[PDB]
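What you see below is based on every heavy atom in this structure, not just the backbone, and it leaves out hydrogens, waters and symmetry mates. To find a chain, count down the sequence lines: A is the first, B the second, and so on, and within it residues start at 1.
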Amino acid sequence: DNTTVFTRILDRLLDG
Amino acid sequence: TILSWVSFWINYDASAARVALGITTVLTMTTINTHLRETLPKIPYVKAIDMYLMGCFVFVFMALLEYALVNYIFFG
Amino acid sequence: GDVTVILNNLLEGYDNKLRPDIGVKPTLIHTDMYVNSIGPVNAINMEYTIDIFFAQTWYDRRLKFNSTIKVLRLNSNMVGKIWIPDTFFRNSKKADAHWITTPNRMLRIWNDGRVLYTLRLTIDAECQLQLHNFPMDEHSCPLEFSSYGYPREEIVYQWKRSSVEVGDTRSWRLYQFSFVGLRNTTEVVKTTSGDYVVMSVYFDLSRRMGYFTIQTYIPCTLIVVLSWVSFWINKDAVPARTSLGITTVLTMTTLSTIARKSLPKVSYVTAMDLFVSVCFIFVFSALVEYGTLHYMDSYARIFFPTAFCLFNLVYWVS
Amino acid sequence: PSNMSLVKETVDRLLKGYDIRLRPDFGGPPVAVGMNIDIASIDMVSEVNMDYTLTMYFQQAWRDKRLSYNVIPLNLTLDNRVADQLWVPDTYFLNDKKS
Ligand SMILES: *[C@@H]1O[C@H](CO)[C@@H](O[C@@H]2O[C@H](CO)[C@@H](O[C@@H]3O[C@H](CO[C@H]4O[C@H](CO)[C@@H](O)[C@H](O[C@H]5O[C@H](CO)[C@@H](O)[C@H](O)[C@@H]5O)[C@@H]4O)[C@@H](O)[C@H](O[C@H]4O[C@H](CO)[C@@H](O)[C@H](O)[C@@H]4O[C@H]4O[C@H](CO)[C@@H](O)[C@H](O)[C@@H]4O)[C@@H]3O)[C@H](O)[C@H]2NC(C)=O)[C@H](O)[C@H]1NC(C)=O
Ligand SMILES: *[C@@H]1O[C@H](CO)[C@@H](O[C@@H]2O[C@H](CO)[C@@H](O[C@@H]3O[C@H](CO[C@H]4O[C@H](CO)[C@@H](O)[C@H](O)[C@@H]4O)[C@@H](O)[C@H](O[C@H]4O[C@H](CO)[C@@H](O)[C@H](O)[C@@H]4O)[C@@H]3O)[C@H](O)[C@H]2NC(C)=O)[C@H](O)[C@H]1NC(C)=O
Ligand SMILES: *[C@@H]1O[C@H](CO)[C@@H](O[C@@H]2O[C@H](CO)[C@@H](O[C@@H]3O[C@H](CO)[C@@H](O)[C@H](O)[C@@H]3O)[C@H](O)[C@H]2NC(C)=O)[C@H](O)[C@H]1NC(C)=O
Ligand SMILES: CC(=O)[C@H]1CC[C@H]2[C@@H]3CC[C@H]4C[C@H](O)CC[C@]4(C)[C@H]3CC[C@]12C
Ligand SMILES: Cc1ccc(-c2nc3ccc(C)cn3c2CC(=O)N(C)C)cc1
Ligand SMILES: *[C@@H]1O[C@H](CO)[C@@H](O)[C@H](O)[C@H]1NC(C)=O
Ligand SMILES: CCCCCCCCCCCC
Ligand SMILES: CCCCCCCCCCCC
Ligand SMILES: CCCCCCCC
Ligand SMILES: CCCCCCCC
Ligand SMILES: CCCCCCCC
Ligand SMILES: CCCCCCCC
Ligand SMILES: CCCCCCCC
Ligand SMILES: CCCCCCCC
């Protein structure tokens with residue numbers, strides 16, 4: 001859960 | 001260097017002998033130095049092997065110049 | 001077809017990352033080899049090349065199928081789809097499989113679960129040659145291999161009945177040595193990651209000295225005879241005697257240098273080094289014999305050949 | 001066959017939802033990566049190239065809470081290819097010229 005935030009940040013970055 | 005000294009026991013009136021012996025000895029010293037240095041990299045300073053080879057070269061060259069000195073004292 | 005469905009069923013729900021019987025029992029692997037050729041033995045670099053057809057078989061309950069088809073004979077395509085043991089060679093400086101035209105791999109799957117997996121390899125194995133006596137050195141060059149990560153409790157190796165299917169030795173690139181035989185061992189080595197079963201093949205190689213005789217020994221004996229002939233030359237010929245002696249000893253130094261160049265950089269005197277040293281003694285002694293003569297000849301004319309022959313007998317018999 | 005299925009489920013659960021990009025404890029304290037070396041050979045120390053060739057079993061261990069399992073009482077040694085799916089330290093040797 002602690003690392004999930006940065007995972008979502010990276011996924012949002014690479015999206016589109 | 002040891003066989004360079006046998007020139008000293010040879011007769012003084014043997015220029016063709018002592019000169020040839022000293023020349024062969026000094027040229028072989030040069031060849032050995034160059035062969036050793038070729039294996040090593042192009043290193044710009046004297047190493048311990050370099051300084052020992054140079055000392056022995058000075059010794060054999062001194063023996064050759066010793067015969068030269070004897071010849072110039074007798075004939076010249 | 002009837003075979004494609006079998007492969008699809010086999011690979012369906014197949015975890016490639018898990019070894020067979022993980023957490024149940026160690027996976028027994030039977031390894032066999034066909035030594036196609038023992039390549040050049042690089043005594044200078046303490047390594048030798050060997051080309052092998054390395055085969056390993058094991059049972060995988062996941063890869064079992066019942067049908068009229070008895071075996072699934074497949075190319076390298078299916079090698080990466082199923083679990084293959086991580087067999088590495090412990091003493092290989094550099095090894096590479098063959099890929100031309102396609103990867104040189106074979107894979108056969110029986111009904112019971114046998115998975116015969118073979119591939120062609122060119123291993124530059126590391127043989128720790130001990131050339132204390134050269135060029136008469138005899139070496140038992142090993143070839144170890146074990147699982148890299150699976151301990152003794154997870155991957156066990158074993159030798160099949162056929163020890164090693166060594167090929168015909170006529171075509172081998174082994175010029176220096178002669179292949180005497182092969183011997184296998186299986187021992188449990190302990191290391192930091194665990195206990196690993198290691199299987200080693202020792203190939204016994206015996207050196208041949210014919211090239212070294214015509215290369216080093218014969219020239220040194222001939223130059224020693226050149227040192228000998230100085231005695232028969234008249235003593236009054238000072239330049240002739242001195243020239244012969246100096247040419248002999250200096251070319252002896254050059255021959256010693258090249259002969260040592262043939263050897264690696266090791267700090268111990270070898271048999272060839274002993275022979276060249278004795279030749280040094282002989283040529284230098286002849287030069288000193290004329291040096292003391294100018295400042296006896298018949299005694300040298302006998303002693304030098306007899307001493308050389310006696311030393312030759314003593315040296316060669318050893 | 002129970003152990004095989006349980007291990008497959010455990011490994012699949014571990015690898016599922018795993019981000020290789022983020023290091024362990026990302027946005028937190030540094031991860032302690034212990035290192036162990038077992039030198040197997042020093043092939044040649046050449047002065048011409050001013051270099052030495054060294055062969056070793058370079059081992060490193062670190063704690064990753066994402067890869068923690070407790071259902072099975074044993075240590076899972078996996079295929080080497082799983083290293084391509086797990087975060088590993090970006091260790092490098094500043095001296096190496098060809099490795
Ligand atoms: C640092 O960078 C270097 C490169 O700068 C990386 O090295 C490269 O790594 C890649 C990926 O691991 C290698 O690609 C693989 O090559 C396989 C065959 O390689 C042979 O040919 C190449 C030339 O193309 C040679 O350079 C190789 O020789 C060198 O490598 C070997 C070790 O592999 C050494 O031992 C040698 O001494 C050389 O150093 C080889 O001769 C190729 O088969 C493979 O492709 C298969 O696997 C992939 C996996 O995804 C599949 O997608 C693909 O379809 C193939 O799968 C088929 O074939 C296999 C064969 O068994 C079957 O099992 C499958 O089922 C399927 O049928 C892959 O392409 C590359 O060779 C290598 N070297 C280079 C580029 O020079 C380092 O990895 C990298 N990291 C580190 C830590 O160093
Ligand atoms: C999965 O992998 C882990 C780690 O690799 C294994 O855990 C190791 O199990 C072995 C089995 O015995 C342990 O070995 C011994 O453990 C004893 C317990 O000491 C604990 O407590 C002290 C307290 O300070 C800790 O320092 C220590 O690390 C342990 O946590 C030790 O007392 C032993 O010490 C000496 O034992 C023999 C005696 O002859 C010596 O030869 C040894 O060299 C050593 O000096 C010994 O260490 C080991 O400690 C465990 N390590 C860890 C990290 O847990 C699991 O067993 C493995 N799972 C499997 C195999 O299923
Ligand atoms: C290569 O390795 C294999 C396996 O380690 C060696 O074969 C094994 O040799 C031993 C001793 O010769 C065999 O044990 C003996 O078997 C005979 C016949 O059954 C029996 O009468 C004896 O009492 C003893 O048990 C062993 O069976 C055999 N392995 C197999 C699978 O048959 C082989 O010798 C090695 N090659 C070498 C060293 O060159
Ligand atoms: C009188 C005498 O003893 C003679 C004997 C041998 C002579 C030397 C030979 C090498 C010469 C090289 C160059 O020609 C410079 C002078 C040089 C060093 C000479 C100096 C005088 C010497 C010592
Ligand atoms: C233990 C073992 C035995 C034989 C093989 C093997 N499989 C093949 C397939 C094809 C070709 C050409 C050669 N193969 C060879 C090697 C061989 O038998 N030679 C060279 C006579 C592999 C492992
Ligand atoms: C394969 O089928 C045969 C006959 O249907 C059966 O006897 C055998 O047990 C089967 N093997 C399996 C399911 O592994
Ligand atoms: C720069 C170092 C000098 C190298 C030559 C050394 C020669 C000294 C020995 C002479 C003995 C007579
Ligand atoms: C002078 C003759 C030199 C060669 C002698 C060889 C003797 C045979 C040795 C064979 C090994 C025992
Ligand atoms: C740099 C020291 C040289 C010493 C030369 C000795 C006499 C030729
Ligand atoms: C060493 C060279 C100078 C002295 C030579 C002998 C007297 C002329
Ligand atoms: C093979 C080198 C030695 C040959 C014997 C010579 C004896 C005079
Ligand atoms: C090489 C052998 C011939 C010399 C012997 C005869 C001289 C007395
Ligand atoms: C120091 C080299 C040998 C000298 C011998 C000369 C004759 C007694
Ligand atoms: C006077 C000595 C004669 C030498 C006989 C041959 C020795 C090889």
Name all pairs fulfilling the disulfide bond (SG atoms under 2.5 Å apart) condition that reach into residues 69-99 of chain D, sequence neighbours left out, sorted by first residue then second.
->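 Of all non-adjacent pairs touching residues 69-99 of chain D, none passes disulfide bond (SG atoms under 2.5 Å apart).
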From [X] atom [atom1] to [Y] atom [atom2], the distance as rounded to the nearest 0.5 Å:
X	Y	atom1	atom2	result
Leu15(D)	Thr10(D)	CG	OG1	11.0 Å
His35(B)	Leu40(B)	NE2	CG	14.0 Å
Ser46(D)	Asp51(D)	OG	CG	5.5 Å
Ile38(C)	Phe203(C)	CD1	CZ	5.0 Å
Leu27(B)	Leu250(C)	CG	CG	9.5 Å
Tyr157(C)	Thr27(C)	OH	OG1	10.0 Å

Pair [X] + [Y]: ring centers closer than 6.0 Å:
X	Y	result
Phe212(C)	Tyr217(C)	no
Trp58(C)	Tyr150(C)	no
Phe275(C)	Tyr315(C)	yes
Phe89(C)	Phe54(C)	yes

Can you confirm whether [X] is buried at [atom1], in the sense that more than 12 heavy atoms of other residues, nucleotides or ligands lie under 6.0 Å from that atom?
X	atom1	result
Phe61(B)	CZ	no
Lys261(C)	NZ	no
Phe59(B)	CZ	no
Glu187(C)	CD	yes
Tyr211(C)	OH	no
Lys42(B)	NZ	no
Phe93(D)	CZ	yes
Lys81(C)	NZ	no

Restricting to non-hydrogen atoms, name the atom on [X] and the atom on [Y] that form the minimum distance, rounded to 0.1 Å.
X	Y	value
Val156(C)	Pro26(C)	CG2-CB, 3.6 Å
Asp43(D)	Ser41(D)	OD1-OG, 2.6 Å
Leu131(C)	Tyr268(C)	O-CE1, 3.5 Å
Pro264(C)	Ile44(C)	CB-O, 3.3 Å
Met4(D)	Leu18(C)	O-CD1, 4.2 Å
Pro85(C)	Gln56(C)	CG-OE1, 3.5 Å

Quick one: which residue pairs count as a salt bridge (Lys or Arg N to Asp or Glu O under 4.0 Å) with a foot in residues 120-138 of chain C, not counting sequence neighbours?
->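 For residues 120-138 of chain C: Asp51(C)-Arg120(C), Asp137(C)-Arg207(C).
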Could you name each residue pair satisfying salt bridge (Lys or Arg N to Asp or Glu O under 4.0 Å) that touches residues 63-78 of chain D, not counting sequence neighbours?
->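 Listed by first then second residue: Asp64(D)-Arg66(D).
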Tell me yes or no: between the side chains of [X] and [Y], is some donor less than 3.5 Å from an acceptor?
X	Y	value
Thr122(C)	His98(C)	yes
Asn33(B)	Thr30(B)	no
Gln59(D)	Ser193(C)	no
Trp99(C)	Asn104(C)	no
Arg90(C)	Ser200(C)	no
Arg173(C)	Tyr175(C)	yes

Mind checking disulfide bond (SG atoms under 2.5 Å apart) for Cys56(B) and listing every partner two or more places apart, or none if nothing turns up?
->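 So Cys56(B) forms no disulfide bond (SG atoms under 2.5 Å apart) with any residue.
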Please set out all donor-acceptor pairs under 3.5 angstrom arising from side-chain atoms of residues 1-16 of chain A, sequence neighbours excluded.
{"from": "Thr7(A)", "atom 1": "OG1", "to": "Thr3(A)", "atom 2": "O", "distance (Å)": "3.3"}
{"from": "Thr7(A)", "atom 1": "OG1", "to": "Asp19(D)", "atom 2": "OD2", "distance (Å)": "2.8"}
{"from": "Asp11(A)", "atom 1": "OD1", "to": "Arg21(D)", "atom 2": "NH2", "distance (Å)": "2.9"}

Please walk me through it: do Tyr59(C) and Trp83(C) pass ring-ring contact (aromatic ring centres under 6.0 Å, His included)?
-> CA-CA 11 Å; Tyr59(C) 281 81; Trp83(C) 180 91; over 10 Å; no
In a check of side-chain contact (heavy atoms from CB on, under 4.5 Å) between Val35(C) and each of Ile50(C), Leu143(C), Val201(C), which one passes?
->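 Output: one option passes, namely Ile50(C).
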Distance-only, no hydrogens or angles: does the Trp172(C) side chain make a donor-acceptor pair with backbone N or O of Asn36(C) under 3.5 Å?
->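 Such a contact is found between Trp172(C) side chain and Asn36(C) backbone.
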Excluding sequence neighbours, so at least two apart, what forms side chain to side chain contact (heavy atoms under 4.5 Å, CB included) with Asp195(C)?
->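 Here the qualifying residues are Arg152(C), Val188(C), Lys190(C).
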May I ask you to test the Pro142(C)-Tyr202(C) pair for a side-chain heavy-atom distance under 4.5 Å?
->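 The answer is yes, as the side chains (C-beta and beyond) meet within the 4.5 Å cut-off.
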What do you reckon, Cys220(C) and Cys279(C) SGs under 2.5 Å?
->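 Cystine link not detected, SG atoms outside the 2.5 Å cut.
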